[PDB]
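Everything below concerns the one structure shown next.
Chains as they are written, first to last, in full-length UniProt numbering: chain A, 353 to 434; chain B, 248 to 906; chain C, 681 to 749, 761 to 762.
What follows is the structure, encoded as structure tokens:
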């Protein structure tokens, strides 16, 4: 459901960082990790200010650790590279 | 205007630009000291300068624009923004005020675009919401807020997320003592509605802004009313929201508000606020002239374009209406039965110095064959016009035209052409005024069921039907004599006389399902409070009727008393002086007396609402004997500070608990 | 039809069965709305709404068959 308008809705309602942190909590399995990197990457399809604001979460380190943990899943590497 | 004047303007512009750049620098040197009084004084000078610039007879807009550019180029604009949003400004709120006032003057389209490009928008918005401690702060706040709302749909929608609409509502609810607050509120609402998408409009409606626009349009201030009329007509321009505005009653204020003004006189009144009206904001108003829109919206748009034509004559930029093509739409409206809009559109074209096409009267039965010819022409049936002329068709005969008459006497062989033609004729039939002939207000009655039914008006009227007879009609009479072949329409009329045997009994039965509460008040004193009460009750879901829309000289609406009879509940807003015109009114000449007498005659859950300053008249024996008893009733003391509790008490009197 | 359909009659008809969308504009332009449908006779439907197909009339009939239920 991460349409441009749905990502805009997330931003408009300021759910962005809540969703981000909860995506960072989705880490327990490769499925969680893939979904996490997906939602993370999807939030990164909003405008410059939003991406910059999300850099302040240091999720980049979480991303690195996530793909570094489970590179044996191509879908993790996809959602990371995405 | 001459090329000598173009030169003189350019010269004056360059000259005064040079001057005001230097003076602005001096004021910016005071700001750049970063000391309270110096920032205040510098900003005061810039404010005075910008207003004087806007008051400069001809070059005003260009000079303002050039100075807005200079302010960006000098980073003066950027510095003001930064100094305005600074938290340290709490050292002296008057610094924030003067910075903000200057920013308000300097909110040109390019300056607002700069704000958006630098992403200052929400910072400024929040700091405007913090400007709340005085009516001055509140006015400035509403100003900056409204100015931000003069920018593209996404920005307005983004700002809706701040819930500033509730802050706006609370601000004018707190301080209705200030007309300028109501102006900047109505401005903000007009701007945001004009500069937002469907989704944002829906959100604004969810803040029940149609009700608040009733309140705003019921203010005594013509500038507030103008903006409120624009704002509601912007809403009314969308089909889905017409019922919501109908429930607000606000449309009913619109045409009367226009009728009591001349656009050029209002332009001269409005000028200080007209300064900085914009092309794109006109381009967004242009759709409100369209034949798809309400008569109200077209009338507001036409009046507004007359006002703009006036102001653009003064600024010598009438070319804008050619650039946006509005001249064509004005000609279309001038050649329309939207008589009010047509007049204003003709006047607009007059101020543009354009031709005024042939006028059309809403009283279409009165039409000459020349009128018919012109109409037929305009609706594109030009090839038949000669035959219409030969057939000598008039305002009467047009209204009778069956397909056969077209087929044979007009020789219109194409059934499709006939269909097309008849669609226009039906439209016209609906649109037409039949007060020319309708002694019985049958048309009004039918309109109350649905205006759609007005198609049948002329037929029935000419067949000798009147409002009193309607209960007695059979399906056959309806079908045949009234030509109502549509059984659904026949069913509708059946549903009228299913309820009762007499049109007044039927209408009072209907009206009961449209009126919970009737509000009586004294027009010269109670207007604002009565409207606030109406709006607050409408926000609480109650269907409220009120006498706001001015009746003419004499000729009182007895249907006002039918509205009271249909109501469950009756409010009397007891202002200072509220009962004074009832004194010695034994003949019940006062309409407040007629209203209150009717309320007593029907025991409508009767609610005296005492305004905060109110006292009863000195001499109770001089209040007429029939209504004097009201001096013994319980009522709600209104308190402006405790509006919510007072309204809770009003609800108790409505639920019959305290009366 | 949302351009003109205040009542979401279009939506209703689609939900009832998609093909019935075909009738929307006729009945809408005759001044029918989502509330009134309960009140129509087979005759009114067949004539005014031009739904000559009795099967279609039966379908919408099923909607109206089913659109019910100190001392």
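Ideal Cβ positions, reconstructed from N, Cα and C, are used throughout, including at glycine.
In the three-state reduction of the DSSP assignment, residue 391(A) falls in the helix class. Burial check for residue 510(B): the Cβ neighbour count within 10 Å reaches 16 or more, so the residue is buried. When beta bridges are read from the DSSP output, residue 764(B) appears opposite 791(B), 816(B). Residue 351(B) and residue 707(C) have their C-alpha atoms some 53 Å from each other.
The C-alpha of residue 849(B) lies about 21 Å from the C-alpha of residue 748(B).
In the three-state DSSP reduction, residue 847(B) falls in the helix class (H, G or I).
Using a Cβ-Cβ cut-off of 9 Å, residue 364(A) is close to 404, 405, 407, 408 of chain B, given in chain order. If you look at residue 504(B), you'll find it isn't in any beta strand (DSSP E); it sits in the alpha helix (DSSP H) that goes 498-506. Our two residues, residue 419(A) and residue 410(B), have alpha carbons roughly 41 Å apart in a direct line. Bounds of the beta strand (DSSP E) holding residue 857(B) are 854-857. Only residues of its own chain outside the window of five on either side were considered, and among them 702 have a CB closer than 6 Å to the CB of residue 676(B), listed in chain order. Its Cα nearest to that of residue 422(B), the residue 888(B) stands out among 898(B), 888(B), 906(B). Within chain C, the C-beta atoms nearer than 9 Å to that of residue 699(B) come from 711, in chain order. The beta carbon of residue 692(C) sits closer than 6 Å to the beta carbons of 714 from its chain, once the five residues preceding and following it are set aside; these are given in chain order. Residue 407(B) holds the alpha-carbon nearest to the alpha-carbon of residue 452(B) among 424(B), 407(B), 610(B), 688(B). Bounds of the alpha helix (DSSP H) holding residue 266(B) are 250-278. Under the DSSP assignment, residue 751(B) falls in the alpha helix (DSSP H) whose first and last residues are 750-759.
For residue 719(C), a Cβ of chain B is located within less than 8 Å of the residue's own Cβ. Beyond the five residues adjoining it in sequence on each side, residue 457(B) comes within less than 8 Å, by CB distance, of 479, 482, 488, 491, 492, 494, 495, 497 in the same chain, given in chain order. The count of Cβ pairs closer than 8 Å, one atom from the segment 866-875 of chain B and one from the segment 828-840 of chain B, reaches three, so the stretches are in contact. Residue 394(A) is positioned such that its CB atom lies no closer than 8 Å to that of residue 388(A). Assignment of residue 830(B) by DSSP, reduced to helix, strand and coil, places it in the coil class. Under the 8 Å criterion on CB atoms, residue 686(C) is classed as interfacial with respect to chain B. Under the DSSP definition of a beta bridge, residue 637(B) lacks any partner. The continuous alpha helix (DSSP H) containing residue 464(B) extends over residues 456-464. Rounded to the nearest whole angstrom, the C-alpha separation of residue 791(B) and residue 781(B) is 6 Å. Under DSSP, residue 883(B) shares a beta bridge with 856(B). Residue 327(B): member of the alpha helix (DSSP H) spanning 323-332, first to last residue. For residue 516(B), the uninterrupted alpha helix (DSSP H) run begins and ends at 510-521, by DSSP. Counting only Cβ-Cβ distances below 9 Å, residue 724(C) has contacts in chain B at 734, 735, 738, in chain order.
Residues of the segment 477-496 of chain B that bring their beta carbon within less than 9 Å of a beta carbon in chain C comprise 486, 487, 489, 490, in sequence order. Between residue 359(B) and residue 310(B), the gap from beta carbon to beta carbon reaches 8 Å or more. Residue 689(B) has no beta-bridge partner at all, per DSSP. In the pairwise beta carbon analysis, the segment 424-444 of chain B is classified as not touching the segment 750-763 of chain B: fewer than three pairs are separated by under 8 Å. If you compare the alpha carbons of 785(B), 364(B), 764(B) with that of residue 903(B), the shortest gap goes to 764(B).
A straight line joining the alpha-carbon of residue 325(B) with that of residue 428(B) spans about 27 Å.
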